[PDB]
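In what follows, a structure is listed as structure tokens, so that the remarks can point back to it.
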Amino acid sequence: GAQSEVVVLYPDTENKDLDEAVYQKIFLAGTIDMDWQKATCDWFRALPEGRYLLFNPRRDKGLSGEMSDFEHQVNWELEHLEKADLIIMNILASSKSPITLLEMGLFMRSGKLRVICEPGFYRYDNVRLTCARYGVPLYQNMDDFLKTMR
Amino acid sequence: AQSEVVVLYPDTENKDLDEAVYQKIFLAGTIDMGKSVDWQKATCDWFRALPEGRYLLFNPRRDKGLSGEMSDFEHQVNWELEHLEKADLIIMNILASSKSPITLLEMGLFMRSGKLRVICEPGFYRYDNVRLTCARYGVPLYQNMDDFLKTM
Ligand SMILES: [Cl-]
Ligand SMILES: [Cl-]
């Protein structure tokens with residue numbers, strides 16, 4: 001059965017007195033549709049081993065639109081993209097994902113970025129050509145990528 | 001007393017030119033294939049009006065739009081990424097009306113380079129993301145080209 005330990009961190013949740021050093025820290029970057037993020041968390045929960053700390057920027061309820069809340073969201077995203085051991089970036093064909101592409105550029109040369117970009121995405125060839133140039137692993141679906149991790 | 005300005009496009013070649021003796025500037029940002037919003041030409045003309053200097057401007061905006069043929073498109077992206085890397089300075093101008101998704105990819109790519117200058121017009125649909133990210137990584141952010149070009 002499932003034996004992995006999975007802790008999920010959200011921008012609007014706090015897990016005080018947790019040692020982030022003993023976990024594999026994974027940032028779930030990509031399309032926010034108000035939910036591949038929950039299915040990815042469930043996938044890690046189903047694993048037979050490991051300690052995972054997943055940084056999920058997708059809140060259960062959408063943003064209010066209030067400025068200080070928005071700044072908290074962007075700063076939470078950038079701080080946890082930096083803290084992550086691995087960035088799982090999933091881009092759906094239906095999305096425009098403009099800030100996902102900003103984040104992709106930011107962590108393109110980090111060595112910890114894994115891009116999953118669905119064919120049909122309106123800027124797919126840009127993503128393919130840029131990842132090729134900088135040697136970033138590029139997958140077409142989450143099944144192919146998540147097999148590379150058991 | 002006039003400046004020397006050479007403009008290099010994805011569909012042009014200046015093979016008898018030593019790029020090492022020029023200040024290389026990449027014109028990143030909004031590409032509008034309308035006669036009115038050609039800010040890249042106006043920027044090139046601004047450099048041409050200077051009384052001194054040697055400037056090599058990498059302009060990714062072609063006079064005619066892309067055909068949509070795949071090898072032509074790949075040439076465009078590879079030309080952009082190569083000349084973004086070669087540039088001494090990246091002038092990135094983002095107009096309020098634009099969606100500029102590849103401009104934001106390029107901004108992320110050269111965010112920590114120290115050679116990126118961002119001009120982002122208020123009203124741009126992802127302005128606060130640009131403002132907050134530039135603030136975090138210490139990238140100069142301007143609201144218009146006039147304010148930025150005075151700092152040259
Ligand atoms: Cl959200
Ligand atoms: Cl073009």
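Residues in the structure tokens are numbered from 1 in each chain, the chains being A, B, ... in the order shown, and ligands are numbered from 1 in the order shown.
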Expected answer as an MDAnalysis selection string: chain B residues within 7 Å of chain A, only C-alpha atoms: chainID B and resid 77 101 104:109 111 129
Keeping N, CA, C and O atoms for every residue in the selection just given, could you write it to a file as a compact mmCIF listing (two decimals), in the first residue's frame?
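Listing of selection_22.txt after writing:
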# COMPACT_ATOMS: atom_id res chain seq x y z
N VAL B 77 13.24 32.05 -33.45
CA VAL B 77 13.43 31.79 -32.01
C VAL B 77 14.93 31.65 -31.69
O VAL B 77 15.42 32.26 -30.74
N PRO B 101 3.62 37.01 -24.28
CA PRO B 101 3.97 35.83 -23.44
C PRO B 101 5.44 35.40 -23.55
O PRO B 101 5.98 34.90 -22.58
N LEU B 104 7.88 37.66 -21.57
CA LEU B 104 7.95 37.28 -20.17
C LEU B 104 8.86 36.09 -19.98
O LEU B 104 9.55 36.06 -18.96
N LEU B 105 8.90 35.14 -20.96
CA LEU B 105 9.83 34.01 -20.95
C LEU B 105 11.28 34.55 -21.02
O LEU B 105 12.13 34.16 -20.21
N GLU B 106 11.54 35.48 -21.95
CA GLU B 106 12.84 36.13 -22.16
C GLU B 106 13.23 36.95 -20.93
O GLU B 106 14.42 37.01 -20.60
N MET B 107 12.25 37.58 -20.25
CA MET B 107 12.50 38.35 -19.05
C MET B 107 13.02 37.42 -17.93
O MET B 107 14.01 37.74 -17.29
N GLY B 108 12.36 36.27 -17.74
CA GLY B 108 12.79 35.28 -16.78
C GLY B 108 14.19 34.78 -17.08
O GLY B 108 15.01 34.66 -16.17
N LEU B 109 14.47 34.50 -18.37
CA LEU B 109 15.78 34.01 -18.84
C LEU B 109 16.92 34.97 -18.55
O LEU B 109 18.02 34.50 -18.24
N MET B 111 16.63 37.72 -16.34
CA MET B 111 16.35 38.40 -15.08
C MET B 111 17.61 38.59 -14.21
O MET B 111 17.81 39.68 -13.67
N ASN B 129 2.95 41.41 -11.68
CA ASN B 129 3.90 40.31 -11.71
C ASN B 129 5.28 40.80 -12.14
O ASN B 129 6.27 40.45 -11.49
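Residues of region 9-127 of chain B that DSSP, applied to the backbone, places in strand (DSSP E or B): residues 23, 24, 25, 26, 27, 28, 29, 54, 55, 56, 57, 58, 89, 90, 91, 92, 93, 94, 116, 117, 118, 119 and 120 of chain B.
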For the residues selected in the previous step, produce a file with N, CA, C and O atoms as a PDB file, in the first residue's frame.
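File produced: part-v4.pdb:
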ATOM      1  N   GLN B  23      28.717  48.451 -28.979  1.00  0.00           N
ATOM      2  CA  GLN B  23      27.835  48.273 -27.848  1.00  0.00           C
ATOM      3  C   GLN B  23      26.610  47.556 -28.442  1.00  0.00           C
ATOM      4  O   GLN B  23      25.950  48.117 -29.328  1.00  0.00           O
ATOM      5  N   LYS B  24      26.410  46.271 -28.064  1.00  0.00           N
ATOM      6  CA  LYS B  24      25.371  45.394 -28.598  1.00  0.00           C
ATOM      7  C   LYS B  24      24.122  45.471 -27.726  1.00  0.00           C
ATOM      8  O   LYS B  24      24.168  45.176 -26.530  1.00  0.00           O
ATOM      9  N   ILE B  25      23.008  45.922 -28.330  1.00  0.00           N
ATOM     10  CA  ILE B  25      21.753  46.121 -27.624  1.00  0.00           C
ATOM     11  C   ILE B  25      20.667  45.342 -28.300  1.00  0.00           C
ATOM     12  O   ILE B  25      20.445  45.524 -29.496  1.00  0.00           O
ATOM     13  N   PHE B  26      19.989  44.477 -27.541  1.00  0.00           N
ATOM     14  CA  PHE B  26      18.871  43.708 -28.047  1.00  0.00           C
ATOM     15  C   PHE B  26      17.564  44.432 -27.736  1.00  0.00           C
ATOM     16  O   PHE B  26      17.311  44.748 -26.575  1.00  0.00           O
ATOM     17  N   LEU B  27      16.715  44.642 -28.769  1.00  0.00           N
ATOM     18  CA  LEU B  27      15.417  45.298 -28.605  1.00  0.00           C
ATOM     19  C   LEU B  27      14.328  44.247 -28.360  1.00  0.00           C
ATOM     20  O   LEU B  27      13.680  43.783 -29.303  1.00  0.00           O
ATOM     21  N   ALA B  28      14.146  43.852 -27.085  1.00  0.00           N
ATOM     22  CA  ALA B  28      13.135  42.859 -26.692  1.00  0.00           C
ATOM     23  C   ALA B  28      11.813  43.515 -26.377  1.00  0.00           C
ATOM     24  O   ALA B  28      11.749  44.695 -26.034  1.00  0.00           O
ATOM     25  N   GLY B  29      10.748  42.761 -26.489  1.00  0.00           N
ATOM     26  CA  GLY B  29       9.427  43.299 -26.194  1.00  0.00           C
ATOM     27  C   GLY B  29       8.421  43.166 -27.310  1.00  0.00           C
ATOM     28  O   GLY B  29       8.622  42.416 -28.261  1.00  0.00           O
ATOM     29  N   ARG B  54      29.274  53.799 -30.905  1.00  0.00           N
ATOM     30  CA  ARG B  54      29.163  52.682 -31.845  1.00  0.00           C
ATOM     31  C   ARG B  54      28.144  51.691 -31.294  1.00  0.00           C
ATOM     32  O   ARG B  54      28.362  51.095 -30.232  1.00  0.00           O
ATOM     33  N   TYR B  55      26.996  51.585 -31.967  1.00  0.00           N
ATOM     34  CA  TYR B  55      25.890  50.747 -31.527  1.00  0.00           C
ATOM     35  C   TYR B  55      25.507  49.703 -32.560  1.00  0.00           C
ATOM     36  O   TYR B  55      25.341  50.002 -33.750  1.00  0.00           O
ATOM     37  N   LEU B  56      25.365  48.474 -32.084  1.00  0.00           N
ATOM     38  CA  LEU B  56      24.912  47.348 -32.872  1.00  0.00           C
ATOM     39  C   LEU B  56      23.605  46.928 -32.258  1.00  0.00           C
ATOM     40  O   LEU B  56      23.592  46.430 -31.131  1.00  0.00           O
ATOM     41  N   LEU B  57      22.496  47.239 -32.940  1.00  0.00           N
ATOM     42  CA  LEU B  57      21.184  46.967 -32.409  1.00  0.00           C
ATOM     43  C   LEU B  57      20.619  45.694 -33.029  1.00  0.00           C
ATOM     44  O   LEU B  57      20.572  45.569 -34.259  1.00  0.00           O
ATOM     45  N   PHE B  58      20.232  44.734 -32.171  1.00  0.00           N
ATOM     46  CA  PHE B  58      19.611  43.502 -32.611  1.00  0.00           C
ATOM     47  C   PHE B  58      18.117  43.702 -32.556  1.00  0.00           C
ATOM     48  O   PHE B  58      17.530  43.764 -31.468  1.00  0.00           O
ATOM     49  N   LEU B  89      23.415  44.705 -23.494  1.00  0.00           N
ATOM     50  CA  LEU B  89      22.227  45.285 -22.876  1.00  0.00           C
ATOM     51  C   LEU B  89      20.972  44.823 -23.576  1.00  0.00           C
ATOM     52  O   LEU B  89      20.940  44.753 -24.810  1.00  0.00           O
ATOM     53  N   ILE B  90      19.937  44.523 -22.799  1.00  0.00           N
ATOM     54  CA  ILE B  90      18.623  44.154 -23.316  1.00  0.00           C
ATOM     55  C   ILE B  90      17.638  45.242 -22.913  1.00  0.00           C
ATOM     56  O   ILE B  90      17.384  45.443 -21.712  1.00  0.00           O
ATOM     57  N   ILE B  91      17.098  45.943 -23.914  1.00  0.00           N
ATOM     58  CA  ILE B  91      16.052  46.952 -23.732  1.00  0.00           C
ATOM     59  C   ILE B  91      14.760  46.213 -23.937  1.00  0.00           C
ATOM     60  O   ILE B  91      14.486  45.772 -25.056  1.00  0.00           O
ATOM     61  N   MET B  92      13.991  46.009 -22.866  1.00  0.00           N
ATOM     62  CA  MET B  92      12.751  45.260 -22.999  1.00  0.00           C
ATOM     63  C   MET B  92      11.552  46.183 -22.812  1.00  0.00           C
ATOM     64  O   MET B  92      11.285  46.627 -21.690  1.00  0.00           O
ATOM     65  N   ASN B  93      10.834  46.458 -23.911  1.00  0.00           N
ATOM     66  CA  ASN B  93       9.704  47.379 -23.904  1.00  0.00           C
ATOM     67  C   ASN B  93       8.413  46.638 -24.082  1.00  0.00           C
ATOM     68  O   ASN B  93       8.202  46.002 -25.112  1.00  0.00           O
ATOM     69  N   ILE B  94       7.521  46.751 -23.082  1.00  0.00           N
ATOM     70  CA  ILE B  94       6.232  46.052 -23.033  1.00  0.00           C
ATOM     71  C   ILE B  94       5.113  47.065 -23.054  1.00  0.00           C
ATOM     72  O   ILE B  94       4.945  47.829 -22.104  1.00  0.00           O
ATOM     73  N   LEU B 116      19.575  43.350 -18.219  1.00  0.00           N
ATOM     74  CA  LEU B 116      18.177  43.562 -18.572  1.00  0.00           C
ATOM     75  C   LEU B 116      17.656  44.870 -17.974  1.00  0.00           C
ATOM     76  O   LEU B 116      17.897  45.182 -16.804  1.00  0.00           O
ATOM     77  N   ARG B 117      16.963  45.644 -18.819  1.00  0.00           N
ATOM     78  CA  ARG B 117      16.289  46.902 -18.477  1.00  0.00           C
ATOM     79  C   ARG B 117      14.850  46.744 -18.915  1.00  0.00           C
ATOM     80  O   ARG B 117      14.603  46.457 -20.095  1.00  0.00           O
ATOM     81  N   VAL B 118      13.901  46.826 -17.975  1.00  0.00           N
ATOM     82  CA  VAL B 118      12.507  46.572 -18.322  1.00  0.00           C
ATOM     83  C   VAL B 118      11.753  47.889 -18.333  1.00  0.00           C
ATOM     84  O   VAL B 118      11.868  48.680 -17.408  1.00  0.00           O
ATOM     85  N   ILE B 119      11.003  48.111 -19.419  1.00  0.00           N
ATOM     86  CA  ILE B 119      10.103  49.235 -19.633  1.00  0.00           C
ATOM     87  C   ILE B 119       8.731  48.611 -19.755  1.00  0.00           C
ATOM     88  O   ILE B 119       8.488  47.872 -20.705  1.00  0.00           O
ATOM     89  N   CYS B 120       7.883  48.779 -18.747  1.00  0.00           N
ATOM     90  CA  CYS B 120       6.575  48.146 -18.764  1.00  0.00           C
ATOM     91  C   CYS B 120       5.532  49.191 -18.516  1.00  0.00           C
ATOM     92  O   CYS B 120       5.484  49.810 -17.441  1.00  0.00           O
TER      93      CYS B 120
END
Go ahead and compute the interatomic distance for CA of residue 33 (chain A) and CA of residue 95 (chain A), in Å to one decimal. 8.3 Å
Closest-contact table, chain B side, partner ligand 2, 6 Å, counting only C-alpha atoms and all ligand atoms, as a tab-separated table:
residue	atom	partner	partner_atom_place_in_ligand_line	distance
B:60	CA	ligand 2	1 (Cl)	5.8
B:61	CA	ligand 2	1 (Cl)	4.2
B:62	CA	ligand 2	1 (Cl)	4.5
B:65	CA	ligand 2	1 (Cl)	5.4
B:66	CA	ligand 2	1 (Cl)	5.9
Written file, previous selection with C-alpha atoms, as a PDB file, in the first residue's frame:
ATOM      1  CA  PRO B  60      13.978  40.857 -33.872  1.00  0.00           C
ATOM      2  CA  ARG B  61      11.113  42.721 -35.628  1.00  0.00           C
ATOM      3  CA  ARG B  62      11.140  41.914 -39.397  1.00  0.00           C
ATOM      4  CA  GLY B  65       5.542  39.121 -40.626  1.00  0.00           C
ATOM      5  CA  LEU B  66       6.378  35.411 -40.307  1.00  0.00           C
TER       6      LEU B  66
END
Can you list, as a ChimeraX atom specification, every residue of chain B that DSSP puts in helix (DSSP H, G or I)? /B:19-21,39-48,70-86,101-110,127-137,145-150
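In this comparison, which uses only C-alpha atoms, the residue of B:144, B:59, B:30, B:39 approaching residue 12 (chain B) most closely is B:59.
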Give me, as JSON, numbers by chain, all polymer residues having an atom no more than 10 Å from region 48-53 of chain B, counting only C-alpha atoms and skipping those fewer than 3 positions away in the same chain. {"B": [1, 2, 3, 4, 5, 6, 22, 23, 42, 43, 44, 45]}
Go ahead and write the residues just picked, C-alpha atoms, as a PDB file, in the first residue's frame.
ATOM      1  CA  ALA B   1      29.504  64.513 -34.990  1.00  0.00           C
ATOM      2  CA  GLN B   2      27.167  61.539 -35.329  1.00  0.00           C
ATOM      3  CA  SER B   3      26.948  58.090 -33.773  1.00  0.00           C
ATOM      4  CA  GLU B   4      27.599  54.848 -35.715  1.00  0.00           C
ATOM      5  CA  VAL B   5      24.444  52.700 -35.659  1.00  0.00           C
ATOM      6  CA  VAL B   6      24.203  49.248 -37.305  1.00  0.00           C
ATOM      7  CA  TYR B  22      30.148  47.732 -30.766  1.00  0.00           C
ATOM      8  CA  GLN B  23      27.835  48.273 -27.848  1.00  0.00           C
ATOM      9  CA  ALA B  42      11.869  54.888 -33.202  1.00  0.00           C
ATOM     10  CA  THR B  43      14.477  53.479 -30.709  1.00  0.00           C
ATOM     11  CA  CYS B  44      16.940  52.832 -33.634  1.00  0.00           C
ATOM     12  CA  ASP B  45      16.310  56.446 -34.843  1.00  0.00           C
TER      13      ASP B  45
END
